[PDB]
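Naming: A, B, ... by sequence-line order, numbering from 1 per chain. Numbering of ligands and ligand atoms starts at 1, following listing order.
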Amino acid sequence: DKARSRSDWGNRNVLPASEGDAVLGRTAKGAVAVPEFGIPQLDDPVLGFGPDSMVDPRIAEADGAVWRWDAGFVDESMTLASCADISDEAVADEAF
Amino acid sequence: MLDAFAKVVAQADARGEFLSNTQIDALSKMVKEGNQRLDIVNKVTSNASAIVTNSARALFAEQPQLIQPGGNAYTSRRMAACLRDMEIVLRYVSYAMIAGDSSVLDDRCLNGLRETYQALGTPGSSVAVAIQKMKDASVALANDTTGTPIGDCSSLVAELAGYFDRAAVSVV
Amino acid sequence: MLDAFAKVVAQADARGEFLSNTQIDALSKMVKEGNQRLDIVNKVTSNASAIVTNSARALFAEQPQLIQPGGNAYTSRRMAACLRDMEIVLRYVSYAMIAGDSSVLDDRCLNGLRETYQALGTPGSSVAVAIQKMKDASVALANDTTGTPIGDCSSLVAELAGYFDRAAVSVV
Amino acid sequence: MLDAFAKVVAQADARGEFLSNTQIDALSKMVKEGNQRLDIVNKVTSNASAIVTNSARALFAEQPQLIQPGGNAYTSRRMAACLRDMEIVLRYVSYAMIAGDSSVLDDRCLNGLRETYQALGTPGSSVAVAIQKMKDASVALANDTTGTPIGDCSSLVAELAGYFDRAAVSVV
Amino acid sequence: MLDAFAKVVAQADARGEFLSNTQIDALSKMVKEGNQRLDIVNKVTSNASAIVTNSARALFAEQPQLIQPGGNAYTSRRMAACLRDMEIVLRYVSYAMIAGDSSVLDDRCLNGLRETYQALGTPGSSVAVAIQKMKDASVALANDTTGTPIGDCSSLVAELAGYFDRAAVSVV
Amino acid sequence: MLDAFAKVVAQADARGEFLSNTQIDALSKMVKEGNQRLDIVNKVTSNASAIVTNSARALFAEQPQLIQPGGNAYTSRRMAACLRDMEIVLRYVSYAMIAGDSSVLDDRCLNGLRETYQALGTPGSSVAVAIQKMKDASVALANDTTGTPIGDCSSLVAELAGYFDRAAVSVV
Amino acid sequence: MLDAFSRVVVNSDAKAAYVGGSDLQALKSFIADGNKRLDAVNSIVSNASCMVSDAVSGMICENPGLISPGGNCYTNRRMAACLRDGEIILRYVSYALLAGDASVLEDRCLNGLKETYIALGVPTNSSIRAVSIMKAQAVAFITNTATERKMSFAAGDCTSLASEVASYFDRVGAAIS
Amino acid sequence: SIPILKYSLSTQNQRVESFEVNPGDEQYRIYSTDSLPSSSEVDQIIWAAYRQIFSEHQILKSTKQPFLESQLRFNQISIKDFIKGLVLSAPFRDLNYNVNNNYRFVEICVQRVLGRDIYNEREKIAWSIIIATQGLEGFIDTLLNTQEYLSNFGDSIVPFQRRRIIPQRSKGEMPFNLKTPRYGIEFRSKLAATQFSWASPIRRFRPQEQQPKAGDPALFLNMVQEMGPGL
Amino acid sequence: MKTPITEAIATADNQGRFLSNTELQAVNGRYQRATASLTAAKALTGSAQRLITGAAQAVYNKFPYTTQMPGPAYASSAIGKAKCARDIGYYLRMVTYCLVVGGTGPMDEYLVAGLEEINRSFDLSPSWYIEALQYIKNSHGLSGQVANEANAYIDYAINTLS
Ligand SMILES: *CC[C@H]1/C(=C/c2[nH]c(/C=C3N=C(/C=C4\NC(=O)C(CC)=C4C)C(C)=C\3CCC(=O)O)c(CCC(=O)O)c2C)NC(=O)[C@@H]1C
Ligand SMILES: *[C@@H](C)[C@H]1/C(=C/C2=NC(=C\c3[nH]c(C[C@H]4NC(=O)C(C=C)=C4C)c(C)c3CCC(=O)O)/C(CCC(=O)O)=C2C)NC(=O)[C@@H]1C
Ligand SMILES: *[C@H](C)[C@H]1/C(=C/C2=NC(=C\c3[nH]c(C[C@H]4NC(=O)C(C=C)=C4C)c(C)c3CCC(=O)O)/C(CCC(=O)O)=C2C)NC(=O)[C@@H]1C
Ligand SMILES: *[C@H](C)[C@H]1/C(=C/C2=NC(=C\c3[nH]c(C[C@H]4NC(=O)C(C=C)=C4C)c(C)c3CCC(=O)O)/C(CCC(=O)O)=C2C)NC(=O)[C@@H]1C
Ligand SMILES: *[C@H](C)[C@H]1/C(=C/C2=NC(=C\c3[nH]c(C[C@H]4NC(=O)C(C=C)=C4C)c(C)c3CCC(=O)O)/C(CCC(=O)O)=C2C)NC(=O)[C@@H]1C
Ligand SMILES: *[C@H](C)[C@H]1/C(=C/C2=NC(=C\c3[nH]c(C[C@H]4NC(=O)C(C=C)=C4C)c(C)c3CCC(=O)O)/C(CCC(=O)O)=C2C)NC(=O)[C@@H]1C
Ligand SMILES: *[C@H](C)[C@H]1/C(=C/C2=NC(=C\c3[nH]c(C[C@H]4NC(=O)C(C=C)=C4C)c(C)c3CCC(=O)O)/C(CCC(=O)O)=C2C)NC(=O)[C@@H]1C
Ligand SMILES: *[C@H](C)[C@H]1/C(=C/c2[nH]c(/C=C3N=C(/C=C4\NC(=O)C(CC)=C4C)C(C)=C\3CCC(=O)O)c(CCC(=O)O)c2C)NC(=O)[C@@H]1C
Ligand SMILES: *[C@H](C)[C@H]1/C(=C/c2[nH]c(/C=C3N=C(/C=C4\NC(=O)C(CC)=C4C)C(C)=C\3CCC(=O)O)c(CCC(=O)O)c2C)NC(=O)[C@@H]1C
Ligand SMILES: *[C@H](C)[C@H]1/C(=C/c2[nH]c(/C=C3N=C(/C=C4\NC(=O)C(CC)=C4C)C(C)=C\3CCC(=O)O)c(CCC(=O)O)c2C)NC(=O)[C@@H]1C
Ligand SMILES: *[C@H](C)[C@H]1/C(=C/c2[nH]c(/C=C3N=C(/C=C4\NC(=O)C(CC)=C4C)C(C)=C\3CCC(=O)O)c(CCC(=O)O)c2C)NC(=O)[C@@H]1C
Ligand SMILES: C=CC1=C(C)[C@@H](Cc2[nH]c(/C=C3N=C(/C=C4\NC(=O)[C@H](C)[C@H]4CC)C(C)=C\3CCC(=O)O)c(CCC(=O)O)c2C)NC1=O
């Protein structure tokens, strides 16, 4: 049944699966929720963070999405990116 | 390692941003919980040998094969190393509770533990039952009101029990 | 490690044979161009800091997202490690130019470097661009006659350009 | 490591049993022929240098491609390492003869040795020929009647022959 | 190493006594001096590169034999060690300021420093001059009321000056 | 370290001599007391905890200043070092009983033990009466016939009491 | 060796400077409060014998294991040495209070005392407690707040002389620690 | 005289400089007798050396060497002799050396004495013949007398896992006690009192791991414990 | 990260221990200081562009050769002035990160480690950045314990460059 008491955190329920199912005012991991976005310093097309800036590897390590026991841990084997491009001539020639 | 205030700094630097007033105001909501977070790790540290041995006693009453001759906790050395494992996991969940997030637990304790137990022949699904029995011994202790002023610390109880859940799905 | 002369002996020992007359005369050809080979490595190590700091400055103007926030050469330490690895690669290339073969460059500079860069998230195709920028900054300087007697040493420059190409293709 | 006596104990502890009376009586039969077991490793140890150097000499007479150029036993360092591999294996067979079982032979000599010779490029079938050449050389010494009272040791000699045979199939 | 609170505890255990109320009330006076003590330590640690560099530059002005060719401070490696030795002593004096007693200045800095300088040929009297020039450079800074509440803290600057005299008579 | 056998051998190599027949006889006499010697060492080893813990309890009862606060055995760090020292003396005496001469006791236990306790502040005359109590507790315990065939065993407990007397004089 | 005036001169001779007027204001108040210093030494020396027999008796009543057989005040030869080990501390402090500088107890008393005491086996934590009691008796005579003896002075304040002598006793404890 | 055979290096973190002035929380706590520690702080050097050579699970009372500890407290042996004395100790030979072969014992002692991983597989092959021909006492002396030991740790520092975390990251390389346990996949089988090699998660009819939904009244329990004073 | 929280965890984990009151007091001292230390980060962020364009102009006043001399290392072009005000904002942003964390964590990882090797290679003189930090140290306008917190990280940056 539902989670009702403080005693249920140690006996019956484990952890919310999404941010909508989380405790009011906190994340799905139990921490306080921060507004996720700050003030961009140094607006500039060539310098400064932009749409073509690369993704720091320490953003997935900070939120813990690099451990296989994490909710947001991505497995890259069964995705559409792992599929062979059928518009390549060496793929349609080998498969034909 | 990261604490909960250094996680938001690392998310903001990987984008070259300042911190807005909405983000600062959410970090001073984390400071105001500061004395209730310190009471929770004090109740876990002060009762730390009754968390471990009451929940190991419970583990062999309902799985008595682990201490029968031929089991994994059968000898005095493998019994002592079994209680060492539970004090180790309880140590790092206690570290992740003052830090505010589980990164010191993730790479110093849980990183490579599931693969360690497979090379030893230790039942990793029974280590998860050991962590789950320390989970509610520690939660029933943190809901206990003795020695504390009056007020609300129920979002912190739900947070402490989530580090015990992360430690228990990482070992099965 | 092996140099060029010790590489020839290693072929001849495995067949259990004395060296021939043509293998002796091929070795006395490498002795004859010894002063032109020593003159190249002197030209490269004397400008070794300028090869690195100008080939880096051309890389961050060509690929400007490497110094933007989130880029792989963004912080003081990530910027100083890029200039470190270019100096390491250029150092072992200078070692392989006096030896005569790439045995020291393969063994103690390049072994496992591709897998090191994949694990860090460092773009290995960008490291290859910066090595090729160091290649023609060194080849253009090795072809400069200011201080040397006039003559043709273009076979040695085509050998130095192959050590840079070897390190460029075994890093991505 | 275990001897023949602690092999029975470690098997009995995993069942939680005392030793049965037919297990004590099978152990006291080992003590009855204990003097003849010691006379076997007295003959093998006292001629251990001649077992290695006579069977190595016969290995290269019949496998003359090991010591030709390019062969695995061609250099001074590669040939002296072939001699000490035979002296290592002959040493760990005699450790398995006074112990009674092949637990020191398997754990300390033969574990992971087939994969080591595959990484080195050593022909593992020829190492088995050298072990079999040491087998009959020390069986011929074990059946010598000089300096002993005449009796039947034929079950002990057939056990020493099984230790060399186990070493020869564990290496190819 | 000890602080001032454990100095009075190591002396009460050696006679098996509880601390009397006078020793407790003398310790609680040290606690309410605590914010003024952290101001002095903050005032030194934030000017630390200018305490060292100015009192060095004032030392080779009045003693030009130190940096003249042949002097103890003449070369870059010996000039770098004279600046390290000034920074080390100022570091361990500020360590003994937050502690309240000089047990950390004594063992891990000053024990064996007259013996070390006599082994190398460093003029130990010139080192005492440089320590007394960092003393009145930082006694003058702790008497500065910029950004502090104006109260009285003359008893802790007489304490901080005593740790500089302790290090200056210990090298001569 | 030497036993009674290799002591006589080592005194003959210095002269370059064989062993005389009157020394093979005196070495064969102590072989015939072999079983009587092993019974003494087995008695002292089997009561090793009760020899020490009774002699220590009888030591602090007559010298109560060793444990009252500020004494040399007042703290559990120092008190466990005192009990450790008493069973180092007992352990090295029974090594000398097995060998036959005090060379292992004289070298790696007694040489420098007087200078060690002087340099620490330990009263060496109190370690003497801690050794004298273990002598009378273990020559009375090697003089009872429970378990041993009654012959005569008095020439060897005069030797065992001679090793305790050697240890009690080299602590002052 | 070096009093309050010799301390000024050796710090001006380091700079080869003349002792002018801005550095003579610490020495014009040394003399202006000169009768109070002589009134402060007189309150220590006049009852120094009682100050020692109370300090080492007060050390023994707190640590009664010093006079047990094996303690460091056991014999009559050991207790007589302790009764002057702590009478020579009070003597060199009253030289330092008289001269206004610590360069006589740190050069004739405190130098190498910690090596001397652990060569003999003297417990230093009890030697500091004997000195600590004498420091409490010293400030109770500079200020006229002794319980069993009041002395006859003029009216005023000596809290700078009371804290100077309490800083001379603290470097004795900092030397054997 | 049979020199060691040549192996190739590999790229590692410790072969290359970190720029790292003012280190942080992942700096790994030099334990040295060059800082003149007292009795309470030489206990911490001893526990750190037990943790490094043994596991944390082998710091039992029956494992501790009380006489090797007292020769370190009297300045008779250095920390390099304490580390050598723990490897040649009787508990280390019984619990670690007897349940490994010669190739996995080299990589335990490289990871724990030198503080770095092996370069390649041939480095295990190169050192495992120092054990088989000279013993453990000869192998640990030629490993402590390399220039890799005397430059990093010297003779008065406890070893540590050198350069485990890159300075920007929060997740670093695996710790060497979790990466290499006491025995491995060989000796596991039945040679170390084991069975069945895996286990499914424990089933139960009271589920114990239910996920709270979006309308569950335990996600609002704050303020349920306590309200304002009343004004 | 040189937070007071992660220094307490690392202190307990060095000796394999639970967190006693030795380490909970270090965490508690962070929370008592976090009030003044978070109003400083809010006020420095709100005056960011005022302090950045002001401190850039103070470097061009004291060092006017940096706007005249040709070469890539100087602010004598439109790109050299964009990269100069980029670097003032880098030093300002790391100060505010240290104020929301407590302790000199972000400045050591992101700014100080490797800075000496960068300033030698690209010929960037560290006296320019000292002058830029001395401007912000005098012009942020804060007072009390809020300026006392802010200046402790401006001064920590000056000691690394000096
Ligand atoms: C009741 C517990 C279960 C159990 C445990 C058990 N574990 C071991 C052995 C090891 N445990 C670890 C784990 C860690 N090491 C670390 O450093 C950390 C983080 C700080 C963790 C979590 C390791 C590395 C080992 C093996 C190394 C060693 O023991 O030296 C053992 C003993 C194995 C043996 O036989 O030697 C036991 C018995 N076993 C059970 O049955 C319970 C379910
Ligand atoms: C002397 C202090 C004792 C005592 C000693 C005697 N023992 C005699 C014979 C004996 N002792 C042993 C045990 C010994 N041998 C071993 O192999 C081991 C350990 C594995 C031990 C402890 C054996 C086996 C024997 C029998 C051999 C023999 O007969 O010599 C003995 C001889 C009898 C006599 O002549 O009196 C003596 C004196 N006996 C004592 O009464 C005191 C207390
Ligand atoms: C929550 C699960 C508990 C509970 C917690 C509360 N604690 C409150 C105040 C408080 N707690 C401490 C101790 C803590 N601070 C430290 O510095 C250290 C270490 C030395 C520890 C263990 C102190 C000192 C204080 C006083 C702070 C104050 O006076 O405000 C508290 C007060 C309410 C509030 O702060 O808003 C609560 C609710 N109380 C409970 O009922 C549950 C069981
Ligand atoms: C080809 C890439 C160059 C070039 C090379 C030549 N160098 C010649 C002679 C020469 N070079 C050196 C420099 C070098 N040799 C050393 O021993 C040392 C350091 C100790 C260094 C740095 C020396 C000393 C000599 C003198 C020997 C001689 O005169 O031959 C040279 C002459 C002919 C030849 O050696 O075959 C050539 C062609 N010259 C060029 O035009 C390009 C730029
Ligand atoms: C078996 C391959 C031999 C053989 C062996 C026999 N030896 C017998 C007794 C015996 N064996 C030894 C050698 C060994 N025992 C030791 O204690 C030591 C050194 C510590 C060694 C090297 C000795 C000294 C003895 C004498 C003891 C005794 O006489 O029992 C033996 C039993 C004697 C018998 O049957 O009469 C046998 C059968 N005999 C053979 O024919 C093959 C060649
Ligand atoms: C002494 C030589 C100085 C001086 C010291 C004073 N500080 C006074 C109060 C005070 N100081 C601080 C800052 C300090 N506390 C911290 O926790 C930290 C670091 C995080 C620091 C730097 C605070 C917060 C306070 C207020 C609390 C209190 O009142 O104790 C103070 C009291 C005023 C007076 O009575 O004069 C003094 C004397 N002030 C000086 O004038 C000299 C230069
Ligand atoms: C009583 C307060 C102590 C204590 C005192 C003992 N001191 C002993 C010997 C001793 N003390 C000194 C230092 C003394 N001589 C000086 O010149 C100065 C300063 C100018 C001082 C403080 C020395 C040099 C000696 C050596 C022996 C001697 O010459 O008399 C001592 C040893 C007596 C003995 O061993 O027979 C004692 C007992 N010891 C205590 O336990 C309390 C705490
Ligand atoms: C610079 C042009 C490119 C770049 C470089 C970059 N590399 C690293 C990190 C490492 N580089 C090494 C390299 C070596 N180690 C060796 O032992 C040898 C010789 C055998 C080499 C060449 C290693 C081990 C590391 C990781 C450890 C460390 O960083 O010290 C970084 C590190 C920062 C990061 O998080 O990646 C950087 C920035 N990156 C680029 O973007 C350029 C294309
Ligand atoms: C000789 C009969 C055959 C032969 C031998 C040969 N061996 C090697 C090299 C090694 N052999 C070992 C063997 C062991 N290591 C162990 O730890 C144990 C017990 C578990 C054994 C039995 C090892 C480690 C090596 C490598 C050591 C080294 O490289 O020096 C070689 C290699 C020589 C070389 O330089 O590569 C040779 C030639 N090979 C033959 O041809 C004979 C059939
Ligand atoms: C500078 C004002 C004066 C000066 C200094 C000087 N010192 C050295 C050399 C050493 N100093 C030490 C001291 C320490 N090392 C430590 O690790 C610690 C902390 C415990 C201390 C206190 C040591 C060991 C040396 C020798 C090692 C080294 O060379 O670095 C030198 C160099 C002497 C030389 O010849 O190498 C100098 C120049 N000298 C002066 O003239 C100034 C008065
Ligand atoms: C402005 C005050 C002065 C100035 C600036 C200037 N800087 C550069 C180049 C660089 N500056 C940095 C500094 C950092 N990078 C970082 O990631 C961090 C921490 C977050 C810092 C402090 C670096 C790495 C470079 C080189 C790469 C880049 O372009 O950013 C230049 C260009 C120099 C060149 O050769 O390209 C200039 C002009 N110079 C002045 O004259 C002003 C006085
Ligand atoms: C076990 C036995 C025992 C004692 C003997 C006393 C000893 C004693 N007296 C004082 C404390 C003092 N002792 C004196 C000494 C004297 N006052 C005079 O009038 C005389 C001239 C002189 C004694 C002959 C003075 C002046 C003080 C401080 C003021 C006072 O307490 O009277 C202190 C200080 C407390 C401290 O800081 O440690 C102690 C331990 N207490 C004890 O427990």
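Under 4.0 angstrom from ligand 12, the non-hydrogen atoms of G/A140 all belong to its side chain. Contacts with ligand 8 closer than 4.0 Å are made by side-chain heavy atoms of C/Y117 only, the backbone lying farther away. Looking at C/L66 against ligand 8, only its side chain comes within 4.0 Å, counting heavy atoms. The proximity of H/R163 to ligand 8, defined as any non-hydrogen pair under 4.0 Å, is limited to the side chain. When heavy-atom distances to ligand 8 are checked against a 4.0 Å cut-off, C/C109 comes that close only through its backbone atoms N, CA, C and O.
Considering each of G/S49, G/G58, G/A136, the one bringing a non-hydrogen atom nearest atom 4 (C) of ligand 12 is G/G58. Looking at G/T145, G/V52, G/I133, G/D54, it is G/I133 that brings a heavy atom closest to atom 34 (C) of ligand 12. Nearest residue to atom 23 (C) of ligand 8 from C/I88, C/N72, C/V171, C/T116 is C/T116 (criterion: closest heavy atom).
Atom 7 (N) of ligand 8 has C/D85 OD2, 2.7 Å as its closest protein atom, hydrogens excluded (heavy atom only). For atom 27 (C) of ligand 12, the closest heavy atom belonging to the protein is G/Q137 CG, 3.9 Å. Scanning all protein heavy atoms for the shortest distance to atom 21 (C) of ligand 8 gives C/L113 CD1, 4.0 Å. Among protein heavy atoms, the minimum distance from atom 27 (C) of ligand 8 is reached at H/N13 OD1, 3.5 Å. Of all protein heavy atoms, the one closest to atom 4 (C) of ligand 8 is C/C82 SG, 3.6 Å. The nearest heavy-atom contact from the protein to atom 37 (C) of ligand 8 is C/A81 CB, 3.8 Å. Regarding atom 32 (O) of ligand 12, its nearest protein heavy-atom neighbour is G/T147 OG1, 3.2 Å. The protein heavy-atom contact nearest to atom 17 (N) of ligand 12 is G/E148 OE1, 2.7 Å. The protein atom (non-hydrogen) at minimum distance from atom 24 (C) of ligand 12 is G/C50 SG, 1.8 Å. Atom 24 (C) of ligand 8 has its closest protein heavy atom at H/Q12 O, 3.3 Å. Protein heavy atom nearest atom 12 (C) of ligand 8, with residue, atom name and distance: C/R84 NH1, 3.8 Å. When only non-hydrogen protein atoms are considered, atom 42 (C) of ligand 12 lies nearest to G/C61 SG, 3.6 Å. Regarding atom 35 (C) of ligand 12, its nearest protein heavy-atom neighbour is G/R129 NH2, 3.6 Å. The single protein non-hydrogen atom nearest to atom 33 (C) of ligand 8 is C/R77 NH2, 3.4 Å, given as residue, atom name and distance.
For the 3.5 Å distance criterion, the side chains of B/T148 and B/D39 fail to qualify, holding no donor opposite an acceptor. In the model, H/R162 has a side-chain atom that pairs as donor or acceptor with a side-chain atom of H/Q14 under 3.5 Å.
For ligand 12, the atoms closer than 4.0 angstrom to any heavy atom of G/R149 are 19 (O). Each of the atoms 43 (C) of ligand 8 lies under 4.0 Å from some heavy atom of C/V127. If you number the atoms of ligand 8 from 1 as listed, the ones under 4.0 Å from a heavy atom of H/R15 come out as 17 (O), 20 (C). Counting the atoms of ligand 8 from 1 in the order shown, those under 4.0 Å from a heavy atom of H/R169 are 34 (C), 35 (O), 36 (O). Residue G/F141 approaches ligand 12 through these ligand atoms, each under 4.0 Å from one of its heavy atoms: 21 (C), 26 (C).
For B/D3 and I/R30, the salt-bridge test fails: no basic side-chain N is under 4.0 Å from an acidic carboxylate O. Ion pair H/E148/H/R116 flagged as a salt bridge, since at least one NZ, NE, NH1 or NH2 atom sits closer than 4.0 Å to an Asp/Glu carboxylate oxygen. Here B/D107 pairs with H/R164 in a salt bridge; the nearest charged N to carboxylate O distance falls below 4.0 Å.
Protein heavy atoms are found inside the 4.0 Å sphere centred on atom 19 (O) of ligand 12.
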Can you give me a line-by-line list of nitrogen or oxygen pairs between ligand 3 and the protein shorter than 3.5 Å?
from, atom 1, to, atom 2, distance (Å)
ligand 3, 7 (N), B/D39, OD2, 2.9
ligand 3, 11 (N), B/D39, OD2, 3.0
ligand 3, 15 (N), B/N35, ND2, 3.1
ligand 3, 39 (N), B/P149, O, 3.0
ligand 3, 41 (O), B/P149, O, 3.1

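Considering backbone and side-chain atoms together, G/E62 places no N or O closer than 3.5 Å to any N or O of ligand 12.
Residue pairs satisfying the salt bridge (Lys or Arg N to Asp or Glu O under 4.0 Å) criterion with at least one member in residues 130-149 of chain G, sequence neighbours excluded, are listed as follows: G/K135-G/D170.
With hydrogens and angles ignored, the 3.5 Å screen pairs a side-chain donor or acceptor of H/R15 with a backbone N or O of H/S10. Judged by distance alone, with hydrogens and angles left aside, the side-chain atoms of I/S121 form no donor-acceptor pair with the main-chain N or O of I/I118 at under 3.5 Å.
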